[PDB]
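Excluded from the calculations below are hydrogen atoms, water molecules and symmetry mates; all remaining heavy atoms, backbone and side chain alike, are included. Order of the sequence lines sets the chain letters (A, B, ...), proteins ahead of strands, with each chain counted from 1. Numbering of ligands and ligand atoms starts at 1, following listing order.
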There are 2 protein chains.
Amino acid sequence: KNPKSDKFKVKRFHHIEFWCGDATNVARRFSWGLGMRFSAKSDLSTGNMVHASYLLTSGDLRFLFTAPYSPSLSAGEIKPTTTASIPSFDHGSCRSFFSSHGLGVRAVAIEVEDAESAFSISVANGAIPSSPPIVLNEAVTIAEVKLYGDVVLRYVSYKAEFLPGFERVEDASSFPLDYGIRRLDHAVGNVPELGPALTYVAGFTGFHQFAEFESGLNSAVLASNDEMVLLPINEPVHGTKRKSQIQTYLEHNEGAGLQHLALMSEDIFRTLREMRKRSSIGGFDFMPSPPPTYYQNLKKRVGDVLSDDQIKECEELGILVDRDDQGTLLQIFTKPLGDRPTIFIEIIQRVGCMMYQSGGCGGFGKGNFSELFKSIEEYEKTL
Amino acid sequence: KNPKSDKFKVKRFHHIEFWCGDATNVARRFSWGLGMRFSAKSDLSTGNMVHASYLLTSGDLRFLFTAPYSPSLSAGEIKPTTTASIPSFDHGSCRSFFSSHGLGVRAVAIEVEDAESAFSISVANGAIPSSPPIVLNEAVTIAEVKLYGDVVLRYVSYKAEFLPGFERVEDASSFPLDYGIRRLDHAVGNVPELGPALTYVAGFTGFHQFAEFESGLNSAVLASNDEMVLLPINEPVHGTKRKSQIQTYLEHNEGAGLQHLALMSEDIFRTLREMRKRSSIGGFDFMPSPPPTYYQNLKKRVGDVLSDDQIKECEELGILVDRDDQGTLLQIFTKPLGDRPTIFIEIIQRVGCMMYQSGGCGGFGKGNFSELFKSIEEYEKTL
Ligand SMILES: Cc1c(C(=O)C2=C(O)CCCC2=O)ccc2c1c(=O)n(CC(=O)OCCOc1ccc3ccc4cccc5ccc1c3c45)c(=O)n2C
Ligand SMILES: Cc1c(C(=O)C2=C(O)CCCC2=O)ccc2c1c(=O)n(CC(=O)OCCOc1ccc3ccc4cccc5ccc1c3c45)c(=O)n2C
Ligand SMILES: [Co+2]
Ligand SMILES: [Co+2]
């Protein structure tokens, strides 16, 4: 059931913003590791004396990396005279965020019809305001409300190129890397208590619970009207045999925050080949691969969707496969993106639910918790 | 003249430590950009609940990247019970350093005969103590005194593998990258006043002034007995036509700090080919290349050292050449390593002064300030 109860018009995920200590080094690492090109900047060279912000793109996926300069460079400015291109930015907030949480996502940004309306309606319906609507160059409106922890949900609306004040990046510095990633599929938060988190966010968005179908978590998914904005939220389950990874996250993150970003690839085989080639030369590492019994067990569950060769290819790359009643999901998880065992990335591709493909086709891979356990148990027997 | 007045026995540069917000992302970027392999770690996986530290090596060059975890992970510890592998580390110091200066060098470490003696003698002779001598696993001694700004000179001495508590890195995560870099040649500081800086450092080390031979700087070089530890220091010259780059550094860095690291290559042509291939895919950018008149002018000044083809190769890679009365220097400068226009890297190779090669052979390239200006002026005429 989809009650289509959005309290304002939501379009798609627009961008994800990381708050960094040094935006240059994080952006360059991510660019090489994920195959995203440098497409826009706002920094000292564009007249921004407040923050350095670098935008990477791959298809429609937009990753923004931002760090503060010395406050001394902008000490004479006030908000009316600011040279910041992102008016919600604050030196103190950014330094406090990074000292508390380490490298991570500050903003989950969605494009809406009218960011001022979205903000007003959200706050009227319980949202905690974070940054009021601000019109940039009479062209783009941006506003922010609290989502969970120190993560904000950012609303952006366009009258009619990333943001005013950002400049397109010099062709020489813009190498056209591309490993197949095309858009943000979903963005997942970890919280201490799932119930209140869901009630809060669903309360101010009108997002509805998206239908699903000993692992240390309970989870639920909030979705927009056309179910293309997908926001799963996890809480820990305590007392388990293995300590809940959600609880480890909350401890190392100093509380709630964004757990993972799931990036859709138009060719997950090529994406994983390219990313794995680069794991040990600056890119990203992946979780340990499932045992061969997991891939033998694939024939029985998805042998009608993937050929033996395609199952062989999943095995070579360590890809996981799940299925619900409507579609099939190919997925894999990186190791944590930075020092702390907190944020990581998921690569996904979805098969089925053709209408365009409906959002969330195949689910989120919850069936892979028990299939990984069974396959791990099976391999001990097969040894 | 070399009075050989070192007040304690100094061996060679040992390592350089960067204080980071996220050590993982900086280390991975530097590894790919410079061709350094991951060789040791001290982090949560080795039992360190205090800081994440990753060591990159290329030949004898050692770059250490360190960031603090949440203090909550180690809140029950005291210094006698610490799980930090670098006992001088302090969460508050590291966060304050990074918030003040951004990404940069915290420690210039030199290997000495006896770090406890070096520390005592240094402080007896004016050095401001930063961290007292600490013996690690009865095997290595480490001590720190202030050098300039918030940069420390770190003394390390070994009874007889980086530091106790560090583990060698898994072969799979240790890709054997190598673009030819072999050791740290010199490390350069920017200060507001050169005179007092020289007097302070020369005072507590016994390092002597190393012989040299409108650009916005005055500089002098301090050197150890065998002149293999080389510490140039710059001060700005104000009122110039173009604003002094030393003054811009001090403004964006919030005061004195390390300006650049000069890395010796055993094959500067290969190093620059490999680094330039990677500039726009995660690595490092280089300063704009000199005009072709600069390379035509090379025939008259170094045509007895480099062939036409070797001069052609310098031109293709943007390499600068200088010469003193004893040797020839090939050098080139990167753009700043991070967000701020502060720290950068120099790649160098020295020709001559064969005895082994004596330290500082060919100088530091001061002659290239006027030759760059003349060549720039010449190219305007040749247009
Ligand atoms: C994050 C996620 C999702 C997910 O998207 C998601 C949402 O979108 C919304 C709803 C709720 C939700 O969760 C789905 C499935 C997942 C994961 C996920 O994060 N993870 C790795 C994980 O649990 O991290 C600890 C890792 O546990 C392990 C610890 C130690 C090992 C040692 C050896 C091993 C060998 C072989 C395989 C192993 C697997 C896991 C190992 C392990 C393995 C998985 O496995 N699934 C299958
Ligand atoms: C750092 C250094 C050393 C050095 O090691 C050193 C020590 O070890 C110890 C003693 C003192 C000392 O200094 C030696 C020589 C250097 C440098 C160095 O840092 N730099 C670049 C620099 O001054 O940074 C602003 C850049 O200025 C420019 C601004 C704008 C441009 C625009 C177009 C251009 C086109 C072509 C060439 C250009 C060159 C410089 C341009 C420029 C160029 C140089 O050039 N030399 C020649
Ligand atoms: Co997911
Ligand atoms: Co130099």
Side-chain angles (χ1 to χ4, degrees), chain A residues 185-190 210 212 215-221 230-235 243-246 248-249 259-263 286-291 294 318 320 322 329 331-336 341 344-348 360 363-365 367-372 375-376 379, chain B residues 185-190 210 212 215-221 230-235 243-246 248-249 259-262 286-291 294 318 320 322 329 331-336 341 344-346 348 360 363-365 367-372 375-376 379:
Chain A
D185 184 272
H186 60 268
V188 179
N190 281 350
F210 180 98
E212 301 126 37
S215 53
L217 63 90
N218 297 317
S219 70
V221 184
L230 299 166
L231 298 175
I233 304 175
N234 306 323
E235 76 172 353
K243 182 190 186 175
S244 171
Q245 65 279 358
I246 310 304
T248 292
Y249 177 103
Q259 179 207 46
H260 78 270
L261 303 159
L263 318 179
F286 289 92
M287 290 303 291
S289 295
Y294 179 91
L320 315 179
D322 203 18
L329 168 72
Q331 57 181 175
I332 196 176
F333 298 97
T334 74
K335 289 193 181 178
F344 52 97
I345 274 167
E346 176 183 3
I347 310 302
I348 64 147
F364 301 86
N368 268 322
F369 285 118
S370 90
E371 293 281 338
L372 259 294
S375 97
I376 283 175
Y379 200 54
Chain B
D185 184 272
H186 60 268
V188 179
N190 281 350
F210 180 98
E212 301 126 37
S215 53
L217 63 90
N218 297 317
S219 70
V221 184
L230 299 166
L231 298 175
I233 304 175
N234 306 323
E235 76 172 353
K243 182 190 186 175
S244 171
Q245 65 279 358
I246 310 304
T248 292
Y249 177 103
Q259 179 207 46
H260 78 270
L261 303 159
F286 289 92
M287 290 303 291
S289 295
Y294 179 91
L320 315 179
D322 203 18
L329 168 72
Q331 57 181 175
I332 196 176
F333 298 97
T334 74
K335 289 193 181 178
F344 52 97
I345 274 167
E346 176 183 3
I348 64 147
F364 301 86
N368 268 322
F369 285 118
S370 90
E371 293 281 338
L372 259 294
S375 97
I376 283 175
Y379 200 54

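The shortest N or O to N or O distance between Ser289(A) and ligand 1 is not under 3.5 Å. Checked against a 3.5 angstrom limit, the closest N/O atoms of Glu346(B) and ligand 2 fall inside it.
Within ligand 2, counting atoms from 1 as listed, the ones closer than 4.0 Å to a heavy atom of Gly365(B) are 14 (C), 15 (C). Near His186(A), the atoms of ligand 1 lying under 4.0 angstrom from a non-hydrogen atom of the residue are 8 (O). Set against the non-hydrogen atoms of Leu372(B), the atoms of ligand 2 under 4.0 Å away are 37 (C). For ligand 2, the atoms lying closer than 4.0 Å to a non-hydrogen atom of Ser219(B) are 10 (C), 11 (C).
Looking at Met287(A), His260(A), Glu212(A), it is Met287(A) that brings a heavy atom closest to atom 25 (C) of ligand 1. Of the candidates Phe333(B), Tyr249(B), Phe369(B), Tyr294(B), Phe369(B) brings a heavy atom nearest to atom 23 (O) of ligand 2.
Checked options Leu261(B), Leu231(B), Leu230(B); the residue passing with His186(B) is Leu230(B) (criterion: side chain to side chain contact (heavy atoms under 4.5 Å, CB included)).
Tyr294(B) contributes atom OH, which lies 4.5 Å from atom CG of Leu320(B) (distance to the nearest 0.5 angstrom). Of the inter-residue distances, the one linking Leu329(B) atom CG with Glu346(B) atom CD reads 6.5 Å to the nearest 0.5 angstrom. Rounding to the nearest 0.5 Å gives a distance of 11.0 Å between CD1 of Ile332(B) and CG of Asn368(B). Here CD1 of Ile345(A) is found 5.5 Å from OG1 of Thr334(A). Values are rounded to the nearest 0.5 Å.
Inter-residue side-chain proximity for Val188(A) and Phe364(A) is flagged as unmet; no heavy-atom pair is nearer than 4.5 Å.
Residue contacts with ligand 1, taken as heavy atom pairs separated by less than 4.0 Å, involve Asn234(A) solely via side-chain atoms from C-beta onward. Heavy atoms of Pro288(A) found under 4.0 angstrom from ligand 1 belong to the backbone as well as the side chain.
Here the angle at the Co ion (ligand 3) defined by NE2 in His260(A) and OE1 in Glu346(A) stands at 80°, rounded to 10 degrees.
Between the side chain of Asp322(B) and the backbone N or O of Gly367(B) there is at least one donor-acceptor pair closer than 3.5 Å.
Scanning for side-chain hydrogen bond (donor to acceptor under 3.5 Å, both in side chains) contacts around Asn234(A) gives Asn190(A), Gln259(A), with sequence neighbours left out.
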